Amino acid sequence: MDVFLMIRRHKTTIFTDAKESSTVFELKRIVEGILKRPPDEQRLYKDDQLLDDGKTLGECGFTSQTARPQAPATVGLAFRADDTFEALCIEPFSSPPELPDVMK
């Protein structure tokens, strides 16, 4: 089935979809189309965990049950330039205010 993703670096979030059968490499070829950085300059994470180019999205844990259009899964992105590796850093979204009295 289809999986729905948020690719996140710093204060940028990319909305994209893919297949469970798609590879991490194929996913990076997607990000390249958008950010113009080749796959070999990209590092993708699920949480703290680096993803192998050869593995499929389903193999990494990205299922259709957990990567839904209305609640997409997050993929960490950090760049690399030869022997220099950028730290993975994803800035949190803002918080909602306290729930108003008339909803309590």
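Take the two forms, superpose them, and find the largest set of C-alpha atoms that agree within 1.5 Å; that set is the rigid core. Residue indices: 1-based, along the sequence shown.
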Which is farther from the shown form in 5 other deposited structures of this protein in C-alpha RMS with the core fitted, 24 to 32 or 73 to 81? 73 to 81
Once the rigid core is matched, which of the two stretches, 94 to 102 or 4 to 12, lies farther off on average in 5 other deposited structures of this protein by C-alpha? 94 to 102
Taking the recorded C-alpha temperature factors, which stretch has the higher mean, 66 to 74 or 51 to 59? 51 to 59
When the C-alpha temperature factors are averaged for each of 90 to 98 and 21 to 29, which stretch ends up with the higher value in the entry? 21 to 29
Could you look up the Cα B-factor of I7 in the entry and say which third of the chain it sits in: lowest, middle or highest? lowest
